[PDB]
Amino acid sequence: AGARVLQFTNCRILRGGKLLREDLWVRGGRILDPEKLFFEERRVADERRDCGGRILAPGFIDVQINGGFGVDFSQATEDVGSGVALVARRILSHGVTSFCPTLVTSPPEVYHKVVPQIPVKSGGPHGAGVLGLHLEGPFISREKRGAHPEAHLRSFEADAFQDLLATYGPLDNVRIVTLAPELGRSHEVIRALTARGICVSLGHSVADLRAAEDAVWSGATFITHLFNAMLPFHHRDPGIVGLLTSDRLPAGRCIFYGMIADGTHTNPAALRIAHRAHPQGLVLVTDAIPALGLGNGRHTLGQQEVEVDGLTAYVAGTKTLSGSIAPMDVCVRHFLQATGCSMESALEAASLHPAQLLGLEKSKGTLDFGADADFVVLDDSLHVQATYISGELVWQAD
């Protein structure tokens, strides 16, 4: 009640699935109902900001990003925190206001050192907020390891959740774990992780549909880059993609799924068929690697060497895709162009949906009253012109 009231005017705002010609009101970092404010507090805006007719949408949330701008999160470097901060800062210019630093399959000693150095952290002028870690691997399949090194894959059979605890170390900073559910004893691990509030995602897996459905019933709620590093859809063997159409899942519970809309990992047909089959679950992720923002050269991805050739990142010396160099705003615009969906659907896939996945939909991913005032200013092509966190301008184009 003791903070300044900001009124953003001459804008279209994404609210309730629609672009509305309505002002955005903010105080103390949260969005205000202006009618409630005048009718209970009898207060008007302390400051007005003309948005020039542009679009305001909730800031993007990237739940799978391995690094960027030369930073590799899967390295136990001397200043891990500095690298996270650099990425957090730079992705503001991509419209990203929250993200999950992601680590790929690594030896346990890397997790033991890196994980405690990347805790949850609120966004601000210092960069997008850190929502917690996404640990992708090592409990994934050899057949679909993709860019993950075979030598550091692990399994559960010995002592299940304790094997995972010994591998990663304390899980306080962890928010998502990608695993392959066909691993023996995955049920016990999925129960333990979700009981601790950790989202379980299915990926890098040769699981069939029934195994995937079992994993959802155990508590899994996410699919890691749909179509990538999993078996294809077959009309008598649907695999993980079949989760998008399954009627055997808990009634009314939304299974979410990431898609990499960089133009290389999935064709327009795949983005369209998923968006049409299950629009509410689609989550845009960058799956970015350290070459994000650099565009070329040799980089690392954990224990692997990565080479960027043209606009595509491969494990050095191979034709194995190893992440993306497309920032989130590029993914949003590509998803929009490739699917022919509405601007609202593209913006929701990059913010609302990841927020819902993580249970944050009351504070992030929306412009609803009471939510955090994390939003981006967009032109009609969905180019980012400005980024706000807690109602404060934290990045502006030039």
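Counting begins at 1, following the sequence as shown.
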query	finding
Mean Cα B-factor comparison, 345 to 353 or 22 to 30, giving the higher one as deposited	22 to 30
Stretch exceeding the other in mean C-alpha B-factor - 142 to 150, 215 to 223	142 to 150
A274, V315, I176, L209, ranked by C-alpha B-factor: the highest one	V315
Residue with highest C-alpha B-factor in the PDB entry, from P107, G129, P268, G258	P107
For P238, the third of its chain into which the C-alpha B factor falls	lowest
Third of the chain, ranked by Cα B-factor, where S186 sits	lowest
Chain-relative CA temperature factor third for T286	lowest
Ranked against its chain, the third holding the CA B-factor of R298	highest
Where the record places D72 (Cα B-factor, split into thirds across the chain)	middle
